[PDB]
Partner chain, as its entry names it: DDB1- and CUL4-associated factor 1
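The data below hold one chain only, encoded as structure tokens and taken in the form solved without its partner chain.
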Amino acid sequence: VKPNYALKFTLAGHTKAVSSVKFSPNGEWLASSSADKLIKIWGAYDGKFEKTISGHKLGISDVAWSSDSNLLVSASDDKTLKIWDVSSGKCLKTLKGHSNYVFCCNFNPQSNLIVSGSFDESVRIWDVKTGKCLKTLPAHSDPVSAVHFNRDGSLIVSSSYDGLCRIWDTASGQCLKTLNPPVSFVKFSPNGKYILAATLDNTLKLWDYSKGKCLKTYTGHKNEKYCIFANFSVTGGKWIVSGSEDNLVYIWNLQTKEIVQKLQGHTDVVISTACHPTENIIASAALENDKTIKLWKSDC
């Protein structure tokens, strides 16, 4: 069985490169971040523009939702993160402490913590309520490309241009495991047993966290320059989804590693993809020659 993702909506509005798209956990919204210093909120199902959220002084590299879909966090070149009330569009907290661009961010499942990764080579853990930095992890020896909490928030996985993926005990900040090309993206599988890692040699790899071994390798896409998001699609067939520097969305069969679909339409690097939490829907977003978000729907 292969998916049949077809274009449903093109979301225009950003005036520079889109950096990240994420579906709200309740499935209602897509959030987009951009080099244009803005967050935009869109209807997940009708693609309808809802609102612009502004306040960062420089471009945004990443955005992430709280578990209840009420808050966003953004990571910016202004060296801050901002926590946003999505309903009001208001900045609740500015998280200050990184000494260079903040590149990546995520809430834990409880959504009492935010993890961030920075060009300053550190991973920070922040208290959402106070906006204060709880821990600074001397995580890497080059810019941090991705940070992600596992299913219960007990672990953080980080990746870096230093070629390392590290797994951190959230509660203590201690490194549990180091899992040489630059690692441009990492995240835990929904069940937290696997880590998906991108390297800037046109390769995605599925790792068994507990055993520390590579189970699957996905190739055929172009990825030598940008930190391109990748996803587990789990609503229908079990796919791996990624953007690509050849302007396509790549979908692989997770088990067989065969490319099952390439989605055409973007006119620049597909930097970010997201999979809808309940429906067979993909969001894709592209760099500055395109600047659009596309919503795609499949029957499986």
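Residue numbers count along the first chain shown, from 1. Here the rigid core means the biggest group of C-alpha atoms that line up within 1.5 Å when the two forms are laid on top of each other.
When the other structures are laid on the shown form by the core, the C-alphas of 208 to 216 and 134 to 142 differ in how far they drift in 7 other deposited structures of this protein; the larger average drift belongs to 208 to 216. Deposited sequence between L179 and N180: 4 to 9 residues lack coordinates. Here the stretch with the larger average CA B-factor, out of 201 to 209 and 79 to 87, is 201 to 209. Averaged over Cα atoms, the B-factor as recorded in the entry is higher for 6 to 14 than for the other of 6 to 14 and 19 to 27. Per the deposited record, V260 carries the highest C-alpha B-factor of all listed residues (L38, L58, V260, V63). Per the PDB record, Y218 has a higher Cα B-factor than any other of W126, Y218, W168, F103. The entry lists a Cα temperature factor for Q264 that places it in the highest third of the chain's modelled residues. Ranked against the other modelled residues of its chain, the C-alpha B-factor of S284 as given in the entry falls in the lowest third. Placement of the Cα temperature factor of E121 within the chain: lowest third of the modelled residues, per the deposited record. Compared with the other modelled residues of the chain, the Cα B-factor recorded for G236 ranks in the highest third. Ranked within its chain, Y194 lands in the highest third, by CA B factor from the PDB record.
Although it is not shown, the form solved in complex with its partner chain is what the next lines describe.
When contacts are judged by a 4.5 Å heavy atom cut-off, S99 counts as touching its partner chain in the deposited complex. Though the partner is left out of this view, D77 does reach within 4.5 Å of its partner chain in the deposited complex, counting heavy atoms only. None of the heavy atoms of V249 is located within 4.5 Å of its partner chain in the deposited complex.
Taking non-hydrogen atoms only, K37 approaches its partner chain to within 4.5 angstroms in the deposited complex. Taking its partner chain as it sits in the deposited complex, the stretch 32 to 68 comes within 4.5 angstroms of it through a non-hydrogen atom at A35, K37, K57, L58, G59.
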